[PDB]
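Trainee:
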Amino acid sequence: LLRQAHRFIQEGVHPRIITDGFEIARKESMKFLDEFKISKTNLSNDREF
Amino acid sequence: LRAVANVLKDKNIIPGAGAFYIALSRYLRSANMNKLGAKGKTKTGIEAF
Amino acid sequence: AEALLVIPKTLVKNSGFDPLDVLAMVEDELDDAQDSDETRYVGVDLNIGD
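Residue numbers (PDB author numbering), protein chains in the order written: chain A, 101 to 149; chain B, 399 to 447; chain C, 448 to 497.
Below, the structure written as structure tokens:
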């Protein structure tokens, strides 16, 4: 992540906006995480799985 | 033993082999253009993430 | 496409204006031009910065 941000640092981008944009994307990733996850049953027939 | 124990305790499972990383990277890229509810300079942090 | 952006980026950089700000305002203006269905010519202003 520092390598991808290195290109923006040399252009004059302040690191706070770089870090603030990560927290916004982190909160949006949690919303996609709830839809992407799959609930697995507690039943004991999953030994094959 | 701990990876299997987490499946029984936590009923949620996620596929590996880069399934979550590729799907999340493509989703956040196309969603930032439709939302546009953060800031113009935030696009640098979202694209880098 | 990103290599041609150096000309508008370094043009406002020598004047002291933030090159990241001009890229955000112009890009947001071109998106609203297609929604209104009209031809809009956008260019950089070195004195004001917008």
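The beta-carbon is built from N, C-alpha and C at its ideal position, and this holds for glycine as well.
What residues are listed by DSSP as bridge partners for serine 139/A?
Mentor: Per DSSP, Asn410/B.
Trainee: Mind checking if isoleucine 412/B is an interface residue toward chain A, Cβ cutoff 9 Å exclusive?
Mentor: So, interface residue.
Trainee: Does any C-beta atom of chain C lie closer than 9 Å to the C-beta of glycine 121/A?
Mentor: No, because no Cβ of chain C sits closer than 9 Å to the Cβ of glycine 121/A.
Trainee: Count the other CB atoms, across all protein chains shown, that sit within 10 Å of the CB of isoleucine 138/A; report buried if there are 16 or more and exposed otherwise.
Mentor: Exposed, by the Cβ-count rule.
Trainee: At the level of alpha carbons, what is the spacing between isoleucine 444/B and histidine 114/A?
Mentor: Approximately 14 Å, taken between the alpha carbons.
Trainee: Can you give me the C-alpha to C-alpha distance between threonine 457/C and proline 466/C, rounded to a whole angstrom?
Mentor: Distance between the alpha carbons of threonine 457/C and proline 466/C: 7 Å.
Trainee: Mind checking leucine 470/C: buried by the 16 CB within 10 Å criterion, or exposed?
Mentor: The residue in question, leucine 470/C, is buried, as its Cβ has 16 or more Cβ neighbours within 10 Å.
Trainee: At a Cβ threshold of 9 Å, is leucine 467/C touching chain A?
Mentor: Interface residue, yes.
Trainee: Closer than 9 Å, CB to CB, is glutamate 111/A near chain C or not?
Mentor: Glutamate 111/A counts as touching chain C.
Trainee: Straight-line CA distance for residue 499/C to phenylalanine 136/A?
Mentor: Within the shown structure, residues of chain C are numbered from 448 to 497, placing residue 499/C beyond reach of any answer.
Trainee: Can you list, in chain order, the residues of its chain whose CB lies under 7 Å from that of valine 489/C, leaving out five sequence neighbours each side?
Mentor: So the qualifying residues of the chain are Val473, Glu476, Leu477.
Trainee: Could you list which residues in chain B have their beta carbon closer than 9 Å to that of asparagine 145/A, in chain order?
Mentor: Chain B residues near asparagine 145/A: none, gap ~13 Å exceeds 9 Å.
Trainee: Would you please verify whether the beta carbon of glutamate 128/A is less than 9 Å from any beta carbon of chain B?
Mentor: Closer than 9 Å to some Cβ of chain B, the Cβ of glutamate 128/A qualifies, so yes.
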